[PDB]
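Test case, fold it:
(2 chains, ligands or ions: 2)
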Amino acid sequence: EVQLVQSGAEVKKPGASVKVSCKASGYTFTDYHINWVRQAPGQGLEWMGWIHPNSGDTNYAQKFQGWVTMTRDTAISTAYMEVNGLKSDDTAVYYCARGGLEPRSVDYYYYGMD
Amino acid sequence: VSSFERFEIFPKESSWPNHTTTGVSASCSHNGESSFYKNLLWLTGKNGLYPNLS
Ligand SMILES: *[C@@H]1O[C@H](CO)[C@@H](O)[C@H](O)[C@H]1NC(C)=O
Ligand SMILES: *[C@@H]1O[C@H](CO)[C@@H](O)[C@H](O)[C@H]1NC(C)=O
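Numbers count the residues shown, from 1 in each chain, chains lettered A, B, ... in the order given. Ligands and ions are numbered 1, 2, ... in the order given. Let me share the structure:
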């Protein structure tokens, strides 16, 4: 059974950094993207990026280019989200997601989030 | 044409081990279900990789 287990809560002061972990189980960790999406209190979902564990290729959203670093390990089937230069408005809940919705057409060739 | 035979030059399997051959489009739909040319293949990445092919 597919499962993504993340690291524990973090309390930081402005300027500090975090490195959140996302460990996967139940599938071959290298077959699908690992997306990162955050949700601030009360507001909606904001997509941050993806990293493909097999190639290491990364896609960062524009707001998060430079402030963020997405990595992997593959040996322990884990992906990492490092955020730098934190600010009070970065307080939120950070979700990881699996890009396992394999596309049906080359028209919209997108691996959606299972 | 005097003589004419259709043969599978690059079989769908065996010929593209590290690429994905299943690509189809709704612009080439057979029975209202997306398909694609029967004499060509759409090669795409397998597992975040499109390795150099020859
Ligand atoms: C596909 O990848 C495997 C990995 O070891 C390699 O041995 C094989 O030669 C590759 N085939 C082609 C057609 O690139
Ligand atoms: C394809 O060739 C380029 C140019 O040397 C190289 O950077 C890349 O790693 C090659 N890819 C494979 C799968 O061999």
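
How much space separates the residue of chain A found nearest chain B from residue A:71?
For chain A and chain B, the shortest gap (C-beta to the nearest C-beta) falls at residue A:52, measuring 3.6 Å. Using the backbone N, CA and C atoms, a C-beta is placed for each residue, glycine as well. Distance of residue A:52 to residue A:71, given as C-beta to C-beta, to the nearest Å: 12 Å.

Any residues of chain A in contact with ligand 1? List them.
Of all the residues in chain A, not one is in contact range of ligand 1 (C-beta under 6 Å from any ligand atom).

Could you pick out the longest strand of chain B?
strand B:25-29 (DSSP state E).

Give me the sheet partners of that one and which way each runs.
strand B:34-35 (antiparallel) (DSSP bridges).

what's in contact with the strand it pairs with?
The contact list for strand B:34-35, computed with C-beta atoms under 8 Å, 6 or more residues apart in numbering or on different chains, reads A:104, A:105, B:24, B:25, B:26, B:28, B:29.

how deep is the closest residue to the first one other than its chain neighbours tucked in, by neighbour count?
Right, the one you point to is residue A:104. Distances taken as C-beta to C-beta, 6 or more residues apart in numbering or on different chains put residue B:34 closest to residue A:104, at 7.0 Å, once the chain neighbours are dropped. Neighbour count for residue B:34, taken as other C-beta atoms under 10 Å in any protein chain shown: 17.

Quick check: beta-bridge partners of residue B:34?
With DSSP bridges as the rule, residue B:34 is bridged to residue B:29.
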